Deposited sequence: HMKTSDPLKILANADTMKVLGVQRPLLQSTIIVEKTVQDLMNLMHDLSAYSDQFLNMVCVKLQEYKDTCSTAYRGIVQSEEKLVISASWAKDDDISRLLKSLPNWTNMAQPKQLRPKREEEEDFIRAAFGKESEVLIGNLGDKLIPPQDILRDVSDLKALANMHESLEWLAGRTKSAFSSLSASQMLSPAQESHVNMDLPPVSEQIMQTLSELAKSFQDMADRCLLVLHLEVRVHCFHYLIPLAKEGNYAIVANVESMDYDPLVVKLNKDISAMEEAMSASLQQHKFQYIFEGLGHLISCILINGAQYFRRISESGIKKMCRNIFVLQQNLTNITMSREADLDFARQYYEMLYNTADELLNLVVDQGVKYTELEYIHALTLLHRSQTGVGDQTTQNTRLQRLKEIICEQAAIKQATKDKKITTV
């Protein structure tokens, strides 16, 4: 219930908010408001009215926590995104990156994408994600999205209440050693309880947004990691067709459905935080995933390029900018059109662009797939010469 009924469109215009707010949040904030109004009139019972504010806010906090766990627990444990957000080290890293820190302000952020991708690839780049570890229903994602906006709003309202009380009774450090104790209209303990409820509503709001940000990314791994181990990219096709992976089609539908919900539930800069960076992550997934192919054929490369194109069109349309990292992943797979020897010539002619391991894994993939090399002794020799070509390129560049 408390994360379903949204406030009517005329309540938003009153409060001056341009995004859906939960009716339950509106109700508890109205009750706090009424309590705050009575403490100015019946100032003699200010403590009692304040204790009722804290209790009702604590009740709504507990009510939201319960609703959260119901969305986020699966088989008596957290889904991956929830597990990562709850984790201190991971949440600390994510909250320290410019895409979060500068979320509201209108390539440093592209380097922050590299850090998210590194953590995600490092821990998920070789894992099969079972269905019970992700959130499929957009209903749950939408519930998370306007729990975020609602609790962030409630945190702002609760913070204003605290600061109004604080400002009326604030003393300077020089005025402490003075005679007149007066009477603090509110005890420090009601103030501390109240300011912590405000922080708690913000922490809960931040968590929901983190979960949404990570959830789309985990979905990318769920659908794209099976891509490599399909045994479907080694087919020899003398004629070309518009065959591309159903998993990629499912990912696109998944991303689009989520894009639909977030746009109506979140402020734009929260929306952009969810969907920007997916291009970088997906390209990393596809480049890193090539090392799991047993065989690759020319038709398979054509199919992966269609996969990348389909994903590119969708993300470009969602983020309103071309995901250039997807071009980088396309160019990587186009390297596999070459022969094992031509691939080495490409590195000599145009320099080192991918990591050493990415080049080594490309050549090794070609050896497992192609036939224009022969015995293992010439393969080991070509592999060792590729490393020397990379060694030389580095030493040359560091000297100039």
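Absence of C-alpha coordinates is noted for several segments of the deposited sequence, namely 1 to 5, 112 to 122, 417 to 424.
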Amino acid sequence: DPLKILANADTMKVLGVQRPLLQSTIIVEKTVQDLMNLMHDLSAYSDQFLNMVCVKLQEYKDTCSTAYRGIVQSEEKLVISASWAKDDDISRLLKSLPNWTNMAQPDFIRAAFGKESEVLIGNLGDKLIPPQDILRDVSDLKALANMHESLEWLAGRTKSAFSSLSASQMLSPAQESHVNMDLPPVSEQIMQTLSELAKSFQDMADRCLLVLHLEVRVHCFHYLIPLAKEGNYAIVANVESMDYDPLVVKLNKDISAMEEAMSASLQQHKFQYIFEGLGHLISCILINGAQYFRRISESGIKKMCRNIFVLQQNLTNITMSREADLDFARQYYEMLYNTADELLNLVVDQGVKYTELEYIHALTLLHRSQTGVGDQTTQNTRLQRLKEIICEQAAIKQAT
From here on, numbers count along this sequence of modelled residues.
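Stretches compared: 358 to 366, 371 to 379. Higher mean C-alpha B-factor in the entry: 371 to 379.
Looking at 178 to 186 and 224 to 232 together, the entry lists the larger mean B-factor for 178 to 186, computed on C-alpha atoms. Which of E152, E276, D245, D107 has the largest Cα B-factor in the deposited entry comes down to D107. For the set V249, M170, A237, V216, the PDB entry puts the maximum C-alpha B factor at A237.
Residue-level temperature factors show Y60 in the middle third of its chain, judged at the C-alpha atom. Ranked within its chain, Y45 lands in the highest third, by CA B factor from the PDB record. Among all modelled residues in its chain, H280 ranks in the lowest third by Cα B-factor. Among the modelled residues of its chain, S91 has a C-alpha B-factor that falls in the middle third according to the deposited record. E298 sits in the middle third of its chain by CA B factor, as recorded in the PDB entry.
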